[PDB]
Amino acid sequence: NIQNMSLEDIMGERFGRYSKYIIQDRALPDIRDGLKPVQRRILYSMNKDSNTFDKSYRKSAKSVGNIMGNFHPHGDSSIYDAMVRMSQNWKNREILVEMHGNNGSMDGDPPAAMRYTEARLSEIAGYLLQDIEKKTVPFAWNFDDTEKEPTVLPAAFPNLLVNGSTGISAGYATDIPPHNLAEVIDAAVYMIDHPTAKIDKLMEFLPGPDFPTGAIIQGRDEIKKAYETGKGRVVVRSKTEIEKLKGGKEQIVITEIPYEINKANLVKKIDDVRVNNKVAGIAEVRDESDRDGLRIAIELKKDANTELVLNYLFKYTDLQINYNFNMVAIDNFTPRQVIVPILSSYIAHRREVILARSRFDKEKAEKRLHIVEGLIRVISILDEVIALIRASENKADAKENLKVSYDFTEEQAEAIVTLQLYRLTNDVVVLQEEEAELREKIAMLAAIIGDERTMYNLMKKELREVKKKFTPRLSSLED
Amino acid sequence: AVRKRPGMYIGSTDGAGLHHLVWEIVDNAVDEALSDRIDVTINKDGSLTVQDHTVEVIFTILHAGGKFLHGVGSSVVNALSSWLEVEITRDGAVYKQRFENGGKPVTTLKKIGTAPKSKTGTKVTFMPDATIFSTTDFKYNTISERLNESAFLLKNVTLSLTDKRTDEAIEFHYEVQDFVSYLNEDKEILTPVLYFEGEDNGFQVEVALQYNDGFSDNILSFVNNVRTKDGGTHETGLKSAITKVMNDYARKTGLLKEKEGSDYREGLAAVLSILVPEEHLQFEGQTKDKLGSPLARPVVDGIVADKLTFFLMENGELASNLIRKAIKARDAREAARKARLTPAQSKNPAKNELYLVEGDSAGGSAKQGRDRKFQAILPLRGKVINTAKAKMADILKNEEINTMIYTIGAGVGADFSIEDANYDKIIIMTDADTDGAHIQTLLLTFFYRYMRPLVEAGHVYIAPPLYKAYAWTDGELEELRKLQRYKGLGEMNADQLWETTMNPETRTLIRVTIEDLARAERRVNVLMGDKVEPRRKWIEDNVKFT
DNA sequence: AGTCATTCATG
DNA sequence: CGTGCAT
Ligand SMILES: C[C@H]1COc2c(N3CCN(C)CC3)c(F)cc3c(=O)c(C(=O)O)cn1c23
Ligand SMILES: [Mg+2]
Ligand SMILES: [Mg+2]
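Protein chains in written order, with UniProt numbering: chain A, 3 to 340, 342 to 429, 431 to 474, 476 to 484; chain B, 24 to 58, 62 to 79, 94 to 108, 119 to 225, 228 to 311, 316 to 396, 416 to 538, 540 to 544, 556 to 569, 577 to 640.
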């Protein structure tokens, strides 16, 4: 009927249970592919369903429902909001979901509910899933024990640094900003060649974050500090021009703001400064951003000290903010503050992946080569093979007779005996061409397996392709 | 001659009239035995026969609302019967005689046989005529309830009922305290049976009282072994005794705040029985349904108000708790005239249960699957505020917290009485997931920080099967092996939720017990406190990532 | 189809 | 205060 437990014990089996899960399976990105579980499931499920960049948009609610019923046992709001975020190009440096309809704005207005919008994976998101069908990554059973899901994606580009992550669990939080794809890939490529590379040298390739929202990042040494330790405070400041209006008045024009800042709240707080006259000078605040351009006009009064006003806004609004690195990711099942262990785990991961992919393709190529070898043989001996099957009592007896009389293996016997009659109309040469192409294919793969360097070259070759395909810096760097 | 205006003698009906002359005959034969076994029988015929252990015609006389050959001129049954056969065994012979319709004698009273010595006994069997009666079908259920409730005050007598149609039977005998049990048989019980005896100048009053979780009060009264269906001065003496004896008990070392009535009678059931000397006996008009005799009010109020000012002082358990109940009754009552969570139907802080359920959704199934008599439902909507991290300002401005502080009814903090509570068990019912774990954690810390006594008196609990025949352990499924795996209660129907986790017969509740206050205080304050580093380390040290 | 509030960590 | 998965 009733069993006692201590207050001290209850709060222990519970908070441990929760803590472990929120850290491993909710708030924190995997260090290799840079995804939280909800995002990986989103991408995996839409890809399983062929809802890719090259096909028609599919209703958001259909996608969300499948994710919920197959992989992610939580609310649809959370899944949908997560899916929507991965589509907002002012939050993601390289968006992974393309969404048709109101998916929000820099002003932070609610996205349309998932009954209105429609979505599909972006082309680049395709590269996170590249080769997932090739047994390249470890799979587990879903919540449901009905279906397998991937525990990490193949990640043909370094999404952790490219898109970023944030980041609140139990005992740990994470803030990793976005970086330029070409830059991050240049760094990875250097490190592949020079594994013991030092930060100073890596920063010749990867000078610092690259926000989708652009702006100005100030703090070379804190950037360095963060690349070494995973923690660091940098300054992020709006791009600003001044315009000399008629009649001796000036006007400050903002055109890029700090990452994660709500444009509309910022505009209101700057106008609050004007309405309250905390500092003198501001004539009018005017948000002039249209569908193709961000532009805020802070018109000044005649004989207004524009440097004073600007500086004050920089300090007392989010016209300028501090951005704090707190690079935490999940490495070998546990939370790590990390650059060296991060990159190295990733590199070891790609190694396992590429090795596994190659075993898989080689296996396929061999099974085939083995059959093609049997068929080449069969042709030297058709008339008597048809005779033999003619004399067999049934399928199983026919296979047996093919093994016993002509040494075919089971697998070859199965193939031979399940051929359609029309095949008997058919040339050993075509087959020999195939036999040769398979042998070459197997040699390439077997090398990769027996020798690491061939594999790392492939990985660099593929990362460079991704870079060539997917843009220039947005955020300027300043000492 | 009574045949002509039958309602006057009986109040004819269908068949309340038919069931009225049987009352008359039975009460008559009782009255006769009083001055030791009456047996009634419904026959296959349809006829009814009352017999008992010149007794004869003093017996067949009826219209008989009392207790405490010769005639046969106006036996109101004889007049109202198809035939009526009558038989007496007396002195050493047995005599029979029967009549038809009006009561015109079909034969003379003759000796129809030899009787076993001087042994005496009287018997009347009759069939009402279907002329003056519209229903001739005696109901055994009704006759039963009569004979039953009759036999309580009739200590001298035992009476039986046999239905030869349905071949069933009872018998009744009672050696006023039992009556309150009989009255509260299938009900739940706030106080035990209180019994107060006493003589006081001629009058003999004898009362038992016993509260239930019910609402309607239920007070029966008896003067001189018969019922005063309409109450009377003795009743007013009894009611006026409690409302003023308990008010005193409140006023004194209890609770009154200085500066109620029928609120004391909510769920009160009581059987009250006085003996009046008959020369002082006076009722209202025509019928002896309402005692009017003035002295009865201050003698019953005497005897009762005395004994239970003693009883109340005698044990502050069933006492101050009982008063509080009156004020909860006083509270909503005046809040109904001011009307011009899902609560348990009846208020019983001794068996009542409060269910804090994670989510309005699960809250729904809880409301539907519950036993509404003693189980209340409180849906918590969202994660509960962390009562360690937040300020006692914001903590008290929280809906989930604020309404538990109210629904529980004991206040909070050091201004907190565990006796003004509302439940014997507060039960936390969450999802069997990680977030349910989290929720249990935030509620436990609130109850510890702000209602420690409730957790200290082992009042706080925590409520499902893992497998489907059901099993909870990985071991219990292998014993069944000689399979569906439950992912949530949502895969829960109200039916299943009950059988499995809410039913006090088929459920398992972990009972929170504050064992080592000091190492318990370290645990809450480290897991839920403002400081992150302690927690992080507790996790790093105790949490097996692998 | 918006709106309301709460956890968790951090500067 | 605001962030984003959770309730
Ligand atoms: C689980 C429920 C709990 O209640 C919720 C809210 N309230 C909490 C109680 N408050 C007194 C009133 C507001 C809320 F404001 C927002 C949400 C919400 O966005 C949400 C979701 O599924 O996305 C789900 N829920 C919400
Ligand atoms: Mg929501
Ligand atoms: Mg749940």
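All C-beta atoms in this analysis are idealised placements derived from N, C-alpha and C, irrespective of residue type, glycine included.
Nearest CB-CB separation between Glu433/B and chain A: not below the 9 Å threshold.
Short of 6 Å from the beta carbon of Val278/B, and not among the five residues preceding or following it, lie these beta carbons of its own chain, in chain order: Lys107. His513/B carries a helical assignment under DSSP once its states are collapsed to helix, strand and coil. Cβ-Cβ distances below 6 Å link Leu261/B to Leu246, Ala326 in the same chain, with the five nearest sequence neighbours on each side left out; the list follows chain order. Among the CB atoms of chain A, none fall inside 9 Å of the CB of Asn427/B. A check of alpha carbon separations from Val432/A across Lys471/A, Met459/A, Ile379/A identifies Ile379/A as the nearest.
Runs of the alpha helix (DSSP H) spanning 4 or more residues and lying entirely within the stretch 113 to 199 of chain A occur at 125 to 131, 161 to 165, 183 to 195, in chain order.
DSSP, reduced to helix, strand and coil, places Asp273/A within a helical segment of the structure shown.
No Cβ-Cβ contact shorter than 9 Å links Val356/B with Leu272/B. Buried is the label assigned to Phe522/B, since at least 16 other Cβ atoms lie within 10 Å of its Cβ. Excluding five sequence positions before and after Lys173/B, the CB atoms of its chain that fall closer than 6 Å to its own CB belong to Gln77, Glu137, given in chain order.
The criterion of a C-beta distance shorter than 9 Å is not satisfied by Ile608/B and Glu565/B.
In chain order, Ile4, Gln5, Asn6, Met7, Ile12 make up the part of chain A whose C-beta sits under 8 Å from the C-beta of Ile604/B. Going by C-alpha positions, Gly623/B is about 14 Å away from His513/B. With a threshold of 9 Å between beta carbons, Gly173/A makes contact with chain B. For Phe145/A, the residues of chain B that pass the 8 Å Cβ criterion are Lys581, in the order they occur in the chain. Neighbours of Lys150/A in chain B, taken as residues at a C-beta separation under 8 Å, are lacking, since the least C-beta distance is about 17 Å. For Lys22/A, the nearest beta carbon of chain B is closer than 9 Å to its own beta carbon. Excluding sequence positions up to five before and after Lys38/A, its CB lies within less than 6 Å of the CB of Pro31, all in the same chain and listed in chain order. By the criterion of a C-beta distance shorter than 8 Å, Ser132/B is surrounded in its chain by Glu150, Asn151, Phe176, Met177, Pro178, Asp179, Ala180, once the five residues flanking it on both sides are discounted.
Contact annotation for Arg613/B against chain A: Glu10 [CB-CB distance below 7 Å, chain order].
Rounded to whole angstroms, the gap between the alpha carbons of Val343/A and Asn94/A is 24 Å. One thing to note: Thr100/B has its Cβ within 9 Å of the Cβ of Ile48/B.
The CB of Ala512/B comes closer than 7 Å to the CB of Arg16, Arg19, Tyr20 in chain A, given here in chain order. Sorting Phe411/A, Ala368/A, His352/A by C-alpha distance to the C-alpha of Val139/A places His352/A at the top.
DSSP links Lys241/A through a beta bridge to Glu258/A. Closest by C-alpha distance to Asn253/B, out of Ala375/B, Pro628/B, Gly358/B, is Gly358/B. Here the stretch 489 to 496 of chain B does not lie against the stretch 4 to 14 of chain A, with fewer than 3 beta-carbon pairs under 8 Å apart.
Residue burial is scored here from C-beta neighbours: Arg568/B has fewer than 16 other C-beta atoms within 10 angstroms and is therefore classed as exposed. Among the residues facing chain B, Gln339/A is not included, as its CB has no counterpart in that chain under 9 Å away.
Burial state of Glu96/B is buried, judged by a 10 Å Cβ sphere holding 16 or more other Cβ atoms.
Taking every protein chain shown into account, the CB of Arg393/B has fewer than 16 other CB atoms within 10 angstroms, so this residue is exposed. With at least 16 other beta carbons inside 10 angstroms of its own, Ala201/B counts as buried. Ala180/B sits in coil when the DSSP states are folded into three classes, being neither helix nor strand. In this structure, the beta-carbon distance from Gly72/B to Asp187/B falls below 9 Å.
When DSSP states are grouped into helix, strand and coil, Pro155/B belongs to the strand group.
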